[PDB]
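**Student:** Here it is, the structure in full.
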Amino acid sequence: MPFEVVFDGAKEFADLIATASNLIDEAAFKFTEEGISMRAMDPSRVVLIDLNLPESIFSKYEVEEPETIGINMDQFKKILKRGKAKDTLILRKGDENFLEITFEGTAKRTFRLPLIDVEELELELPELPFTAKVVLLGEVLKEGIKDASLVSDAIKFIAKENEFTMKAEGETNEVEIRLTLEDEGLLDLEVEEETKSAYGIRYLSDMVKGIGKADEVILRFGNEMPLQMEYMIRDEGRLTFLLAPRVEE
Amino acid sequence: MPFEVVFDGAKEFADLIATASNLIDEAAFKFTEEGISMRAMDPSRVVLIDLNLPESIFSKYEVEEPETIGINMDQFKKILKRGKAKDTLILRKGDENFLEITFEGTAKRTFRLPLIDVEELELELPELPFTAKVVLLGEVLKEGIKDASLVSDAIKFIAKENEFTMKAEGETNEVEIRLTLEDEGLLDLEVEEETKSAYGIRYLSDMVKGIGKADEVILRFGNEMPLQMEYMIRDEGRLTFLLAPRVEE
Amino acid sequence: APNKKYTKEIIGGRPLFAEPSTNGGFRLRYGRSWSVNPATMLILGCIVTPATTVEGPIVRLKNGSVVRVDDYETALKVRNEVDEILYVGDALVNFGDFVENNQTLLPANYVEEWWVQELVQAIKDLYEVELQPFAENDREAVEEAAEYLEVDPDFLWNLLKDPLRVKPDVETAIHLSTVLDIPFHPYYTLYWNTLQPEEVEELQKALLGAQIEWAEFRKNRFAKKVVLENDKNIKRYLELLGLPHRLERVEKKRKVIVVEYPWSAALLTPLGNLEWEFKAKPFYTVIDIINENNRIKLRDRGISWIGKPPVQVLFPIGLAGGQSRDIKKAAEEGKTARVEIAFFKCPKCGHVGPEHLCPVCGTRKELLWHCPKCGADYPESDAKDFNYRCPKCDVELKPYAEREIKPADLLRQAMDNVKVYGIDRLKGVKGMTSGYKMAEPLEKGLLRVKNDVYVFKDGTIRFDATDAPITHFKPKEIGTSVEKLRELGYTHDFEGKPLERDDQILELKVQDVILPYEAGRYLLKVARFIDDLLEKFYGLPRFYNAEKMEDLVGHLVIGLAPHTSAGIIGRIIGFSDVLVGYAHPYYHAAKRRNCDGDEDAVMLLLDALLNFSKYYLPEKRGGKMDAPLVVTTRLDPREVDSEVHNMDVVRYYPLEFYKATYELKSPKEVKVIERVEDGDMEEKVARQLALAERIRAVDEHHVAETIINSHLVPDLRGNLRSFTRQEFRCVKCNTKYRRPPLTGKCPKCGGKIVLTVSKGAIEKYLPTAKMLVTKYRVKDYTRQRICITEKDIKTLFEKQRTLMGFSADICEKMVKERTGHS
Amino acid sequence: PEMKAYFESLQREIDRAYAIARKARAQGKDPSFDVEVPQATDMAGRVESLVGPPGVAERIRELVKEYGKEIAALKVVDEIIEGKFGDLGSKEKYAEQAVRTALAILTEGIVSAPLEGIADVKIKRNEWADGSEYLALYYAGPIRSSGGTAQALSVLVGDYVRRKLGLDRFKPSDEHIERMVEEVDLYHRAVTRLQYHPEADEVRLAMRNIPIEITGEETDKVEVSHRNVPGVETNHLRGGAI
DNA sequence: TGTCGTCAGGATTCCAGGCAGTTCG
DNA sequence: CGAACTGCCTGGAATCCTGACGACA
Ligand SMILES: [Zn+2]
Ligand SMILES: [Zn+2]
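Just so you know, the sequences run in chain order A, B, C and D. Under the entry's author numbering, the first residue of the first sequence is numbered 1, with each subsequent residue one higher. Under the entry's author numbering, the first residue of the second sequence is numbered 1, with each subsequent residue one higher. Here the third sequence stands for residues 332 to 364, 372 to 382, 400 to 662, 677 to 1047, 1080 to 1198, 1204 to 1228, numbered as in the entry's author numbering. Under the entry's author numbering, the first residue of the fourth sequence is numbered 8, with each subsequent residue one higher.
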């Protein structure tokens, strides 16, 4: 139960947990000898967020025993609003339900909070054949989704051999973006067959606005199977969103 | 009663007037041969905001008769909000019930405004002997007061030898800030006993919205004594906030 | 009558949620002419009334022990660690209530006052000792009584002063009971009126199989403590008895209970220290069997079971103001206004305007008359000379006319009149209900706006307040000093003794006010506005000169209830700390209680004298009241005839009716009566917490309700009717209601048209019924649930689904169950 | 004892406030020159300020304090109908004033029902069956919560003034009783919940027992099945009379 | 006459990219 | 002699208390 994690500057982790809170409120961080893990489902059982951070991310990391703790997303969002980019985040926990967040600098800050428990059921996602993989930049996808957000909500991604297309249909508007290997927004392609699927972009737009511009993304999808967008944190941690498309035309 | 003030640093004057006005409306300006004094008053009658600006800071400070005039700086904040950093300001008053504001950086901007009349009695500050004198800058107190306001409603100040602790207490989460010699922003302090006081942020986070950075803020208080928070600019201009101790026993 | 009342109580609140442990009734304390202890309200549906000076209920905590609620501190301490509610407490209902429709007599109880009255009467007729009960006794009488009863004279004095406060020890109680064979002590008498003697036999067996230690006092072979094991018998009635015991766990046994004195003797001495043998006999209650197998007869204790728009100023703008109708906005825009208003005319200056006095000159302008049909104008003299008839148009001469005016430039007059320009938000009226549609002081309206107070459509300033009279009055509670009452005019107490003690129980004064801090602050703001206006209107010195909360105590205010055209004048003597208050039976009569409103509006005399005008009353229709036309202050309650009847009302217990209560007497016996007289979050949380506390009280055993369906089915029908009607309204074109046929946009306003969806309420009410049907299973409503869910589904026609679904739903479960059963 | 002196001091302060208000209103900056809220002397003053007439206070006090309030009000209404203090208009106006004064006296002058809730009272004849009479009681807004006791007392005083005037018994027609029971069931089932669920036979017995017919006013825009009923100006719902 | 939902709306603070001042081969 | 690296600061936008509306009992 007791642990201590010290890191000089955690604005990335702050905005990450802010996006997780905007996604869902009930979340439990499992602390194991390897690091931290979290898996948040959806109240409408349509979206799944997963994150893992090993012990090669923060500066100081001392854990006693692997367990599962819970932190309120509202109480955390009421905490990250004071995180300076040049601060030293220190998360301390003992045996009692007291969580300490410490910051060292021009004034020693220390906030104590109660620790409630979360009992969300965890189940391993079954393996599914992707048949479509691609690695792109985050800024291009973010600006495309922000340009196609106001016209409609169903954005259609089509992928063929060395070809990608992001389109936005409708009745009084149409948007189209082409992507090839010699373009300025595609890093690499691993397409297998001709796939095409339309997805909603509310949670998409929120989660891609929460992520910075220089970060990269890896999309895995198929014909009509759910999409998985993954990315890496400091080349050590992993974070993946997963959500199914719509059946309509 | 005619007088005139030609000043350079209109941006500094405007932000200082806004900071004096961010707290509360009432403000009696006293024009004297020794300088410009000001006593700002509130309906709560708990906080008195007395500033003094001498002739050394003013570029051209010409007086003919010392007089007091009561104004609310809320309606006057519209004109001083707009303005560059390097310019010339001229505040003139004559025998008529009008005030002339000349703005000249590179062109002419004259403003003839009416003179409102508010009736209030000047109350002298209680110069009680204290046992705690701590000097700092504005950023630390700004952060602490904003954290207390957005977290809870009660706060307790405890001063000991080279140790200034402020415990913001509420119901769920509890904040604490520590000030020691390691903080380069914190200056020396005169403290002989463990001075304890209690405050709230019901009317404290206002002036924070106007607190700058290059202004040395000294605070004098004792064991549950009225806090005299004076702050100096350019080693010549002074502005003190005298507040009664909102303590609970 | 009691069964009929219990059945008719189903018309309101969640039905079929009665506690099986304690019967559905409160205590009966006969008083001349309801009140429940606030401890039950803190531990927690009808009209409420506070009574804090009495005892409270008894419950059990999380530790397993049982304790009773006594005072506010302990109530607030244990108001969160409760496990199950056993008893409801001892609330007071009286006999002087004007109840009709053959309300039968509620069974009374053996009270301590009646008990000690019987005791003193018995000792008086036996040992020939005269005494005066219900008060402090005389020296010689109390001395001879103490000598006869082996008690202390000061203790007897304190007992006669207050028997509930000064409770005697059970040892001396049984000692004095052994001399007269009087019934048992009620306060230390459990409720046994709901147990079977066959189960009582097992109780005595478990008591014999337990541990017991004794202690005796003055030839009374009573006891000292009983240690029992909770597994020796069924703990159902052992917990339903409602006795404070102590629980112990680490004693070589899982559940151990211990009852010490003065709580173990209260259960052992009625059983005769387990000396005689108990037997089961039908048609004879446990108390009857006890009185049979004992030389002492007892009585019963628990037998009484009874059961927008927020307009501020009056400025007619109509559509010229649109929706907000901001005079500042209108002045900035510089637009006209077509109003049907009455204009004035000055004989000297000649200016025309809707104001009363002409501010340009020093006189007041007169009112001109105009025929709206024709184009003629005539003054009041010509109007009264021409018999109020115009030769051009044969219409009655009306003072007002319909024409255009420019408040944009007309506002400068009011500005220079008020001389103060402190205003942030201020709007005028939209419609006029009066026939003459007279004006309103714009200066007073601007002053009210700058004071930032509320107002109704009446035309004056009145604020709501809730009060409830009580039988006594205490300066300690009302917050007034002895010297303050002396300089007020009080020189003696309710018994003639001088006023020296702050805790002096007094009779309820007529002109006293227990009024909350919010009402006090509103009255302070009203007085500030009043002094400002009287210093800015005519230059009058401040009469009240009130600037603090305590300075208002002493002046006079006026109360008024709906359907009451007369304002009751009261004096400002008192205050309040709680959100409620108290009143007087004369200030609050039946016409002010059953008048479609319990609260009453308060006002100041100067406010009425300065802002009251009959022209503020509508022509034909009217609100909850007409107008505070006349003040009234004289309510002489038989001064020279029945002053004793008016004064002698508090703290009397009729021994005659207490003895003659179990004989099925007629409650309508006027002779005996005269003889004895002589959003969503708060509501949802409250409903869920009420259900939870009812479940804790009934020990997790309940059924479904009916008012949920009585709210849902009309909601569904109204929702369907609104969806089939679809009456729209243009946004800026606020008056022109657009037809349900869509024409794209409003032809007079090229924008969206606000529609009446009315679908957000049912979408939020559905989870309530879902959680209710998930917690409790009931029939006859799963059809309604599936119908409303499918209605929402096919009105929207859940378009996305993953490979792993399995959405848990008791609705789908019951649907599949019924499908398989079909 | 000293309570009389305390009330005298209270009325002295009230008179001081009244003199202050009069000195203020002496300038005349409002269309009003007299005191709008005067102090009542007794129930006689209350009923005189409510409906008047201004000067029957002496007779009211004499009758009440000499013979009891009930027969006092009875004789007062008798005198008002007979016109002892003079004439005030027509017989309909006399009956209206008598009913209003009687109701204000029996209610002690607290309820404004006869003041504004019941606007006018007229007598109308039956031009269909035999020429009997009905009270056209033009009501108003503030009558929907007039109070059950006040409504019963108004019915009593109406029957009393009808017996005084000597009118004929109205013949309850089939269409009249049908529309009455229709309005009753409509108000009970759709308009608003009722405090006492009535019965068809009971309301029929009541409508047959009322000697002269009663015709109220309009309440809401709800029609009936039998359109154009003789006697009523429209076919709306008389929920107020119900 | 009490309650409950929706909508827009303008005033507010927070975030981000352009204008400006500044130390590096 | 040019290029990143900040302050900062003002535009753009998300948030929200207030002011309209309709629904039931
Ligand atoms: Zn004039
Ligand atoms: Zn005419």
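C-beta atoms are modelled at their ideal positions from N, C-alpha and C, and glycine is treated no differently.
#1: Here's the rule I'm using: 16 or more other beta-carbon atoms within 10 Å means buried, otherwise exposed. How should residue 1254 of chain C be labelled?
#2: Just to confirm before moving on: does the CB-CB distance between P126 of chain A and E64 of chain A stay below 7 Å?
#3: Below 7 Å between beta carbons is the criterion; list the residues of the stretch 96-119 of chain A that meet it against any residue of chain B, in chain order.
#4: Does the CB of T1208 of chain C have a neighbour CB from chain A at under 7 Å?
#5: At a cut of 8 Å, does the stretch 133-147 of chain A reach the stretch 219-232 of chain A through at least three beta carbon pairs?
#6: Is any non-hydrogen atom of ligand 1 found closer than 6 Å to the C-beta of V721 of chain C, if you look at the structure I gave you?
#7: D833 of chain C lies in the beta strand (DSSP E); which residues open and close that run?
#8: So, are the CB atoms of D1081 of chain C and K993 of chain C less than 7 Å apart?
#9: From what residue to what residue does the alpha helix (DSSP H) around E556 of chain C run?
#10: Return the chain-ordered list of same chain residues with a C-beta closer than 6 Å to the C-beta of residue 284 of chain A, the five sequence neighbours on each side being excluded.
#11: Could you give the uninterrupted runs of the beta strand (DSSP E) lying entirely in the stretch 610-662 of chain C, keeping only those of 3 residues or more?
#12: So, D969 of chain C versus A930 of chain C, is the Cβ gap smaller than 7 Å?
#13: Taking beta-carbon pairs under 9 Å, can you tell me which members of the stretch 53-80 of chain A lie near chain B?
#14: Taking the alpha-carbon positions, what's the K1149 of chain C to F684 of chain C distance?
#15: Is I88 of chain D near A111 of chain D, with beta carbons less than 7 Å apart?
#16: Helix, strand or coil: which one does DSSP assign to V1132 of chain C?
#17: For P121 of chain D, is the classification buried or exposed, using 16 other Cβ atoms within 10 angstroms of its Cβ as the cut-off for buried?
#18: Taking 7 Å as the threshold (beta carbon to beta carbon), is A111 of chain D in contact with chain C?
#19: Would you say the stretch 649-656 of chain C touches the stretch 745-758 of chain C, given that touching needs at least three Cβ pairs under 8 Å?
#20: Apply the 10 Å Cβ neighbour rule to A214 of chain B and answer buried if 16 or more other Cβ atoms are within range, or exposed otherwise.
#21: What is the DSSP secondary structure of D183 of chain A, counted as helix, strand or coil?
#22: Which class does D438 of chain C belong to by DSSP, given the choice of helix, strand or coil?
#23: Pick helix, strand or coil for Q34 of chain D, following the three-state DSSP scheme.
#24: Decide if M232 of chain A is buried, meaning its Cβ has at least 16 other Cβ atoms within 10 Å, or exposed.
#25: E123 of chain D and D995 of chain C - do their beta-carbons sit closer together than 7 Å?
#26: Report yes if the C-beta of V729 of chain C is less than 6 Å from at least one heavy atom of ligand 1; otherwise report no.
#27: Interface residues of chain D around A977 of chain C at Cβ under 8 Å?
#28: For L766 of chain C, which residues of its own chain have a beta-carbon under 8 Å away from its beta-carbon, when the five flanking residues on both sides are left out?
#29: Around the C-beta of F1212 of chain C, are 16 or more other C-beta atoms found within 10 angstroms, so that it is buried, or is it exposed?
#30: Have a look at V641 of chain C and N548 of chain C and give me their C-alpha separation to the nearest angstrom.
#31: Report the partner residues of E62 of chain A according to the DSSP bridge assignment.
#32: Between the C-alpha atoms of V926 of chain C and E615 of chain C, what's the straight-line distance to the nearest angstrom?
#33: Output the distance between the C-alpha atoms of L877 of chain C and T849 of chain C, rounded to the nearest integer angstrom.
#34: With distances taken between CB atoms, is the gap from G355 of chain C to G662 of chain C smaller than 7 Å?
#35: Measuring from the CB of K717 of chain C, is there a heavy atom of ligand 1 at a distance below 6 Å?
#36: Between which two residues does the alpha helix (DSSP H) harbouring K76 of chain D extend?
**Tutor:** By the coordinates alone:
#1: Residue numbering for chain C in the displayed model covers 332 to 1228; residue 1254 of chain C lies beyond these limits and cannot be assessed.
#2: no
#3: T106, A107, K108, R109, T110, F111, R112, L113 and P114
#4: yes
#5: yes
#6: no
#7: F832 to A834
#8: no
#9: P552 to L563
#10: Residue 284 of chain A is absent from the structure shown; chain A starts at 1 and stops at 249.
#11: 611-615
#12: yes
#13: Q75, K78 and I79
#14: 26 Å
#15: no
#16: coil
#17: buried
#18: no
#19: no
#20: exposed
#21: coil
#22: strand
#23: coil
#24: exposed
#25: yes
#26: yes
#27: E43 and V44
#28: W738, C740, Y747, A752, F755, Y757, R758 and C759
#29: exposed
#30: 7 Å
#31: A:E4
#32: 56 Å
#33: 14 Å
#34: yes
#35: yes
#36: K76 to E89
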